[PDB]
Each structure stands twice: as structure tokens, then as C-alpha cells.
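Visitor: My file is coords.cif. It has mmCIF, C-alpha atoms (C1' of nucleotides):
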```cif
data_upload
#
loop_
_atom_site.label_atom_id
_atom_site.label_comp_id
_atom_site.auth_asym_id
_atom_site.auth_seq_id
_atom_site.Cartn_x
_atom_site.Cartn_y
_atom_site.Cartn_z
CA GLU B 7 -4.30 -33.19 18.07
CA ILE B 8 -5.95 -30.27 19.88
CA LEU B 9 -5.18 -26.63 19.07
CA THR B 10 -6.40 -23.74 21.23
CA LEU B 11 -6.50 -20.08 20.21
CA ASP B 12 -7.47 -16.87 22.00
CA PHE B 13 -8.23 -13.43 20.59
CA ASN B 14 -9.02 -9.92 21.79
CA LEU B 15 -10.68 -6.97 20.07
CA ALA B 16 -8.56 -4.37 21.91
CA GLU B 17 -5.48 -4.98 19.72
CA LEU B 18 -6.87 -5.40 16.20
CA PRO B 19 -5.75 -2.41 14.08
CA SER B 20 -8.26 -2.93 11.26
CA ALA B 21 -12.04 -3.12 11.28
CA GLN B 22 -11.94 -6.13 8.94
CA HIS B 23 -9.97 -7.98 11.63
CA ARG B 24 -12.91 -7.50 14.01
CA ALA B 25 -15.45 -8.40 11.31
CA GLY B 26 -13.68 -11.68 10.57
CA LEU B 27 -14.09 -12.79 14.19
CA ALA B 28 -17.87 -12.42 14.02
CA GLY B 29 -17.87 -14.05 10.59
CA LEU B 30 -16.03 -17.14 11.80
CA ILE B 31 -18.22 -17.28 14.92
CA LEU B 32 -21.28 -17.34 12.66
CA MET B 33 -19.65 -20.03 10.50
CA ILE B 34 -19.00 -22.18 13.58
CA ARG B 35 -22.59 -21.71 14.76
CA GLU B 36 -23.87 -22.67 11.30
CA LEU B 37 -21.71 -25.80 11.47
CA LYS B 38 -23.24 -26.61 14.86
CA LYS B 39 -26.69 -26.50 13.19
CA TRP B 40 -26.10 -29.20 10.54
CA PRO B 41 -26.74 -32.95 10.98
CA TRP B 42 -23.83 -33.91 8.71
CA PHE B 43 -21.49 -31.96 11.00
CA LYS B 44 -22.62 -34.13 13.91
CA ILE B 45 -22.19 -37.21 11.71
CA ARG B 46 -18.61 -36.13 10.99
CA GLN B 47 -18.09 -35.52 14.72
CA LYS B 48 -19.30 -39.05 15.49
CA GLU B 49 -17.21 -40.70 12.76
CA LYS B 50 -13.93 -38.77 12.42
CA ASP B 51 -13.98 -37.25 15.94
CA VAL B 52 -14.34 -33.65 14.80
CA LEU B 53 -13.46 -31.15 17.53
CA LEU B 54 -14.69 -27.55 17.32
CA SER B 55 -15.67 -25.81 20.56
CA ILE B 56 -16.03 -22.14 21.46
CA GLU B 57 -14.71 -21.72 25.01
CA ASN B 58 -15.02 -18.02 25.91
CA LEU B 59 -17.76 -15.72 24.60
CA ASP B 60 -17.85 -12.33 26.32
CA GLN B 61 -17.82 -8.63 25.50
CA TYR B 62 -14.11 -8.43 24.62
CA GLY B 63 -12.27 -11.76 24.56
CA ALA B 64 -12.82 -14.88 22.51
CA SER B 65 -11.53 -18.45 22.66
CA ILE B 66 -11.66 -21.46 20.35
CA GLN B 67 -10.45 -25.07 20.32
CA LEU B 68 -10.26 -27.21 17.19
CA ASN B 69 -8.58 -30.19 15.55
CA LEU B 70 -7.49 -30.92 11.98
CA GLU B 71 -10.86 -32.48 11.13
CA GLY B 72 -12.74 -29.43 12.41
CA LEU B 73 -10.57 -27.16 10.28
CA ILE B 74 -11.21 -29.39 7.27
CA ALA B 75 -14.97 -29.22 7.86
CA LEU B 76 -14.84 -25.44 8.26
CA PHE B 77 -12.90 -25.10 5.01
CA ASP B 78 -15.37 -27.40 3.24
CA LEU B 79 -18.34 -25.31 4.39
CA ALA B 80 -16.75 -21.92 3.73
CA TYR B 81 -15.17 -22.74 0.35
CA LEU B 82 -18.04 -24.79 -1.11
CA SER B 83 -18.68 -23.95 -4.76
CA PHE B 84 -20.93 -25.15 -7.58
CA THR B 85 -21.27 -24.67 -11.34
CA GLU B 86 -23.83 -22.46 -13.07
CA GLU B 87 -24.67 -22.23 -16.78
CA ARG B 88 -25.05 -18.88 -18.53
CA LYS B 89 -26.30 -18.12 -22.05
CA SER B 90 -25.09 -15.19 -24.15
CA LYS B 91 -27.74 -12.59 -24.93
CA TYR B 117 -22.33 -21.22 -27.90
CA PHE B 118 -22.75 -22.00 -24.19
CA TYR B 119 -20.52 -21.26 -21.21
CA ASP B 120 -20.55 -22.26 -17.54
CA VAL B 121 -19.44 -20.07 -14.62
CA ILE B 122 -18.15 -21.43 -11.31
CA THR B 123 -19.86 -19.74 -8.37
CA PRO B 124 -19.25 -20.27 -4.63
CA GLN B 125 -22.12 -21.56 -2.53
CA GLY B 126 -21.88 -18.70 -0.01
CA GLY B 127 -21.78 -20.61 3.27
CA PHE B 128 -24.40 -19.55 5.82
CA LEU B 129 -25.89 -17.00 3.41
CA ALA B 130 -28.00 -19.69 1.75
CA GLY B 131 -29.34 -20.63 5.18
CA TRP B 132 -30.78 -17.16 5.82
CA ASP B 133 -31.81 -15.94 2.33
CA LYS B 134 -35.51 -16.64 1.79
CA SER B 135 -36.13 -13.77 -0.63
CA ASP B 136 -37.68 -14.17 -4.08
CA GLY B 137 -35.10 -16.04 -6.15
CA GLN B 138 -32.33 -15.15 -3.66
CA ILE B 139 -31.58 -12.06 -5.75
CA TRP B 140 -29.71 -10.56 -2.78
CA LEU B 141 -27.49 -13.66 -2.81
CA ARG B 142 -26.83 -13.09 -6.52
CA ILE B 143 -25.45 -9.59 -5.85
CA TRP B 144 -23.17 -10.86 -3.09
CA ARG B 145 -21.88 -13.74 -5.23
CA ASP B 146 -21.10 -11.42 -8.16
CA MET B 147 -19.00 -9.08 -6.01
CA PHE B 148 -17.14 -11.97 -4.37
CA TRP B 149 -15.91 -13.46 -7.64
CA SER B 150 -15.50 -10.06 -9.35
CA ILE B 151 -13.39 -7.91 -6.98
CA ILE B 152 -12.13 -9.68 -3.87
CA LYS B 153 -11.44 -12.73 -6.01
CA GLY B 154 -10.34 -11.02 -9.22
CA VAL B 155 -7.00 -12.74 -8.88
CA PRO B 156 -7.27 -16.22 -10.37
CA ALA B 157 -6.52 -17.60 -6.90
CA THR B 158 -10.24 -17.79 -6.08
CA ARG B 159 -10.75 -19.74 -9.33
CA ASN B 160 -7.87 -22.10 -8.72
CA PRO B 161 -9.27 -22.93 -5.28
CA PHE B 162 -12.95 -22.37 -6.17
CA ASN B 163 -13.15 -24.33 -9.42
CA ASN B 164 -11.42 -27.39 -7.97
CA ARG B 165 -13.74 -27.33 -4.97
CA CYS B 166 -16.86 -27.00 -7.15
CA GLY B 167 -19.38 -29.80 -7.61
CA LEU B 168 -18.40 -31.76 -4.50
CA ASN B 169 -21.05 -33.59 -2.48
CA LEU B 170 -20.93 -33.30 1.31
CA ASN B 171 -23.36 -36.21 1.69
CA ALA B 172 -20.99 -38.39 -0.37
CA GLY B 173 -18.04 -37.80 1.97
CA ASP B 174 -16.11 -35.69 -0.54
CA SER B 175 -13.38 -33.59 1.05
CA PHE B 176 -10.16 -31.75 0.24
CA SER B 177 -7.13 -31.53 2.51
CA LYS B 178 -4.09 -30.59 0.39
CA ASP B 179 -4.44 -26.89 1.23
CA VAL B 180 -5.47 -27.57 4.83
CA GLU B 181 -2.12 -29.20 5.64
CA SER B 182 -0.16 -26.06 4.71
CA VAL B 183 -2.49 -23.82 6.74
CA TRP B 184 -2.40 -26.16 9.74
"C1'" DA V 1 -31.11 120.83 -12.23
"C1'" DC V 2 -34.97 120.35 -6.80
"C1'" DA V 3 -39.92 117.50 -4.28
"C1'" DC V 4 -43.97 114.09 -4.66
"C1'" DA V 5 -46.35 109.35 -6.68
"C1'" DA V 6 -45.11 103.72 -9.99
"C1'" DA V 7 -51.89 99.76 -9.24
"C1'" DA V 8 -56.67 97.95 -7.30
"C1'" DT V 9 -61.05 92.76 -7.67
"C1'" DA V 10 -63.65 88.55 -9.98
"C1'" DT V 11 -62.06 84.12 -13.27
"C1'" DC V 12 -57.37 79.83 -14.94
"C1'" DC V 13 -62.28 74.10 -18.87
"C1'" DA V 14 -66.60 71.12 -19.27
"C1'" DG V 15 -67.62 64.66 -22.15
"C1'" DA V 16 -67.09 60.51 -24.84
"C1'" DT V 17 -63.42 57.00 -26.07
"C1'" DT V 18 -57.40 53.83 -24.76
"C1'" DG V 19 -57.63 48.30 -30.63
"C1'" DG V 20 -59.34 44.26 -32.78
"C1'" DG V 21 -57.84 39.10 -35.77
"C1'" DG V 22 -53.80 34.89 -36.92
"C1'" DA V 23 -48.95 32.58 -35.83
"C1'" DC V 24 -44.15 31.92 -31.52
"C1'" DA V 25 -39.69 26.60 -35.55
"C1'" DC V 26 -38.32 22.48 -38.87
"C1'" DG V 27 -33.59 17.55 -38.50
"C1'" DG V 28 -28.88 15.28 -37.79
"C1'" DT V 29 -25.12 13.76 -34.11
"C1'" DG V 30 -24.22 14.15 -28.47
"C1'" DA V 31 -16.46 10.98 -27.26
"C1'" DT V 32 -12.29 7.51 -28.76
"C1'" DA V 33 -7.32 5.37 -26.14
"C1'" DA V 34 -3.00 3.99 -23.61
"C1'" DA V 35 -1.27 3.56 -18.42
"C1'" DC V 36 -1.63 -5.63 -14.29
"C1'" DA V 37 -1.51 -8.38 -9.77
"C1'" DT V 38 -0.99 -12.74 -7.69
"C1'" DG V 39 0.31 -17.87 -7.50
"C1'" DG V 40 3.27 -23.10 -6.77
"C1'" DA V 41 7.88 -26.42 -7.68
#
```
Translate the structure of the given file into C-alpha cells.

Guide:
Amino acid sequence: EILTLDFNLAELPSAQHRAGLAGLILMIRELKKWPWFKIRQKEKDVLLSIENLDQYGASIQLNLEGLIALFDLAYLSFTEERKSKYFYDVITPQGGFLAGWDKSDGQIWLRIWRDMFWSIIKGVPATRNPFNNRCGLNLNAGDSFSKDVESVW
DNA sequence: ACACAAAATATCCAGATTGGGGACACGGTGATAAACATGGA
């Protein structure tokens, strides 16, 4: 189906509420700049359109497939191997649009952001339950997850 | 027992010299613990 949402910045009580709006706008724009997103739109009829973009208000329209694609991009994770200084691997999220803008030497700035994300915001195992299962998937292979999307939808 | 008078001018230091030589710490350590919050069937 089609689901439409509208939001205003004059009623949000927390700054993080306002920050999330810009974050999701950037995520949608990053989706709009990926060929595989257009391939998904052509095949599964993915709907994700920003209607109103002004100083105060915001509007969005999306379907189930668009939400699934957004979740796949945002919650993409991979596996990294670490050696003590007897081997151990650590699951690390991809980072979303951060990889698309980080051109620094070795993406060391990305490393700091990834460490904080797993370490504090995601200290609860909940990131790991969601993050580890998601990890290692291939977008080009059509891999997707929708068990959690149904509850959110 | 009466009265009168009770000091005046010159001068009050000159030279040479006021420290020198050596040294201003050595080692060992610079806290240790206990006091949780969210998920799926």
C-alpha cells in the first residue's frame, strides 16, 4: 500500500528528534543516489518520495518495500577480524551514508564513529541481535530481511 | 648683714685598601574494590 507521514519541527521537545529528521532525509537522499535502489524500484515497485521540503514542515510517502530498503541500508553490517596484542571476529555495522562521504586516510574517522556506536548506544545486546544477523548480507545478491519490518510497519 | 660684676676669637683630620679557591645529593615505590539494563514467546 501507500503510507503518508507529515512532521513539524515546532513540536519536537528534544533536539535528537530534530536531528533524526535530517538523518533520515540524508538516508533517503543516499538511497536516491544508488543504482541498486532504482533496480529495486523497477522490480519490486519501491515507493519512497519526499513531498514537502521547506523551512519548517516535512512530508514523506513510502511503501513496505521502501521501508525494507531503508532498513537494509541503515542496518547493514559486516564482520571484521581482530588479533589480540587465538583469533576473534567482531561484527561491525557498515555505517550507511558515512562510507559514501569518508575519503580520509584509512577512514580512521569512520573507525571512531563505529566504535562509539557499538560501545555505548548499542551496549545492550539488542544491537548485536539485530546487527549480527544482518551482517555479511549481499545487496547485489538480493538478500533482504523483513521479519522485523512487519512489526514496525 | 647692704651694692656692683659671672667671659671674649681662631680651629673640630688628611690616604691606601673591602677576599680569594672547591662543592650545592645519592635510590625505591607513586592505589585496590563493591554498588546491570534490555529483549521475545

Visitor: As a PyMOL selection string, could you give me every residue of chain B near chain V (at most 8 Å apart, counting all atoms listed in the file)?

Guide: chain B and resi 155-157

Visitor: Please expand the PyMOL selection byres ((chain B and resi 77) around 12) into the concrete residues it hits in this file, giving the result as a count of residues only.

Guide: 30

Visitor: Go ahead and compute the interatomic distance for atom CA of residue B:168 and atom CA of residue B:146, in Å to one decimal.

Guide: 20.8 Å

Visitor: For residue B:122, work out the shell of residues within 9 Å, counting all atoms listed in the file and skipping chain neighbours fewer than 4 positions away, then give it as a PyMOL selection string.

Guide: chain B and resi 83-87+159+162-163+166

Visitor: Point out the residue among B:61, B:23, B:171, B:36 with the least atom-to-atom distance to residue B:130, counting all atoms listed in the file.

Guide: B:36

Visitor: Just how far from atom CA of residue B:69 is atom CA of residue B:7, in Å to one decimal?

Guide: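 Distance between the two atoms: 5.8 Å.
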
Visitor: From the options B:119, B:128, B:13, B:62, which residue's atoms come nearest to residue B:35, counting all atoms listed in the file?

Guide: B:128

Visitor: Do you have the atom CA of residue B:58-atom CA of residue B:32 distance handy?

Guide: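 Straight-line distance from atom CA of residue B:58 to atom CA of residue B:32 works out to 14.7 Å.
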
Visitor: Just the residues within 9 Å of stretch 147-151 of chain B, please, counting all atoms listed in the file, with nothing from its chain fewer than 5 positions along; format it as an NGL selection string.

Guide: :B and (123-124 or 142 or 158-159)

Visitor: Which residue out of B:63, B:29, B:20, B:46 has the minimum interatomic distance to residue B:129 when all atoms listed in the file are used?

Guide: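 Among the listed residues, the smallest separation from residue B:129 belongs to B:29.
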
Visitor: Using the chain letters and numbers from the file, give me the residues hit by the PyMOL selection byres ((chain B and resi 57) around 12), as a list in words.

Guide: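 So the PyMOL selection byres ((chain B and resi 57) around 12) ends up selecting residues 10, 11, 12, 13, 31, 54, 55, 56, 58, 59, 60, 63, 64, 65, 66, 67 and 68 of chain B.
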
Visitor: Could you add N, CA and C atoms to stretch 16-49 of chain B and give me the result as a tab-separated table (two decimals), in the frame of the given file?

Guide:
```
chain	number	residue	atom	x	y	z
B	16	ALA	N	-9.22	-5.60	21.48
B	16	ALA	CA	-8.56	-4.37	21.91
B	16	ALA	C	-7.22	-4.15	21.23
B	17	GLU	N	-6.77	-5.09	20.40
B	17	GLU	CA	-5.48	-4.98	19.72
B	17	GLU	C	-5.57	-5.03	18.21
B	18	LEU	N	-6.74	-5.33	17.65
B	18	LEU	CA	-6.87	-5.40	16.20
B	18	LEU	C	-6.79	-4.00	15.60
B	19	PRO	N	-5.91	-3.77	14.63
B	19	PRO	CA	-5.75	-2.41	14.08
B	19	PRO	C	-6.75	-2.08	12.98
B	20	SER	N	-7.35	-3.11	12.38
B	20	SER	CA	-8.26	-2.93	11.26
B	20	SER	C	-9.66	-3.41	11.62
B	21	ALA	N	-10.66	-2.73	11.05
B	21	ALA	CA	-12.04	-3.12	11.28
B	21	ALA	C	-12.34	-4.50	10.70
B	22	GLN	N	-11.73	-4.82	9.55
B	22	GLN	CA	-11.94	-6.13	8.94
B	22	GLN	C	-11.45	-7.25	9.85
B	23	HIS	N	-10.41	-6.99	10.65
B	23	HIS	CA	-9.97	-7.98	11.63
B	23	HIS	C	-11.09	-8.30	12.62
B	24	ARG	N	-11.79	-7.27	13.10
B	24	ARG	CA	-12.91	-7.50	14.01
B	24	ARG	C	-14.07	-8.19	13.30
B	25	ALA	N	-14.34	-7.80	12.04
B	25	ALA	CA	-15.45	-8.40	11.31
B	25	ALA	C	-15.22	-9.89	11.07
B	26	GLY	N	-13.98	-10.28	10.80
B	26	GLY	CA	-13.68	-11.68	10.57
B	26	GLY	C	-13.97	-12.56	11.77
B	27	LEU	N	-13.78	-12.02	12.98
B	27	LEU	CA	-14.09	-12.79	14.19
B	27	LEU	C	-15.57	-13.14	14.25
B	28	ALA	N	-16.44	-12.15	14.04
B	28	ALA	CA	-17.87	-12.42	14.02
B	28	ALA	C	-18.24	-13.35	12.87
B	29	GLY	N	-17.60	-13.17	11.71
B	29	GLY	CA	-17.87	-14.05	10.59
B	29	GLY	C	-17.57	-15.50	10.90
B	30	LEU	N	-16.39	-15.76	11.48
B	30	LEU	CA	-16.03	-17.14	11.80
B	30	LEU	C	-16.88	-17.69	12.94
B	31	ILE	N	-17.29	-16.84	13.88
B	31	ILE	CA	-18.22	-17.28	14.92
B	31	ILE	C	-19.53	-17.74	14.30
B	32	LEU	N	-20.05	-16.96	13.34
B	32	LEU	CA	-21.28	-17.34	12.66
B	32	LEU	C	-21.09	-18.62	11.86
B	33	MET	N	-19.93	-18.79	11.22
B	33	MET	CA	-19.65	-20.03	10.50
B	33	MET	C	-19.65	-21.23	11.44
B	34	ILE	N	-19.03	-21.09	12.61
B	34	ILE	CA	-19.00	-22.18	13.58
B	34	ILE	C	-20.41	-22.51	14.05
B	35	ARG	N	-21.21	-21.47	14.34
B	35	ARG	CA	-22.59	-21.71	14.76
B	35	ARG	C	-23.39	-22.40	13.67
B	36	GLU	N	-23.19	-22.00	12.41
B	36	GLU	CA	-23.87	-22.67	11.30
B	36	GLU	C	-23.45	-24.13	11.20
B	37	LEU	N	-22.16	-24.41	11.41
B	37	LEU	CA	-21.71	-25.80	11.47
B	37	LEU	C	-22.42	-26.56	12.58
B	38	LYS	N	-22.59	-25.94	13.74
B	38	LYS	CA	-23.24	-26.61	14.86
B	38	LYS	C	-24.71	-26.90	14.58
B	39	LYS	N	-25.29	-26.30	13.54
B	39	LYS	CA	-26.69	-26.50	13.19
B	39	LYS	C	-26.86	-27.33	11.92
B	40	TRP	N	-26.01	-28.34	11.72
B	40	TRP	CA	-26.10	-29.20	10.54
B	40	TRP	C	-25.93	-30.65	10.96
B	41	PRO	N	-26.86	-31.54	10.58
B	41	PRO	CA	-26.74	-32.95	10.98
B	41	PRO	C	-25.48	-33.62	10.46
B	42	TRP	N	-25.03	-33.27	9.25
B	42	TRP	CA	-23.83	-33.91	8.71
B	42	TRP	C	-22.59	-33.52	9.51
B	43	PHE	N	-22.59	-32.33	10.11
B	43	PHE	CA	-21.49	-31.96	11.00
B	43	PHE	C	-21.43	-32.88	12.21
B	44	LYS	N	-22.59	-33.19	12.79
B	44	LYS	CA	-22.62	-34.13	13.91
B	44	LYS	C	-22.23	-35.53	13.47
B	45	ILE	N	-22.61	-35.91	12.24
B	45	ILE	CA	-22.19	-37.21	11.71
B	45	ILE	C	-20.67	-37.27	11.59
B	46	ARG	N	-20.06	-36.20	11.08
B	46	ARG	CA	-18.61	-36.13	10.99
B	46	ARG	C	-17.97	-36.16	12.38
B	47	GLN	N	-18.59	-35.48	13.35
B	47	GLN	CA	-18.09	-35.52	14.72
B	47	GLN	C	-18.11	-36.94	15.27
B	48	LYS	N	-19.19	-37.68	15.00
B	48	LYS	CA	-19.30	-39.05	15.49
B	48	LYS	C	-18.28	-39.96	14.80
B	49	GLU	N	-18.06	-39.77	13.50
B	49	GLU	CA	-17.21	-40.70	12.76
B	49	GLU	C	-15.73	-40.36	12.90
```
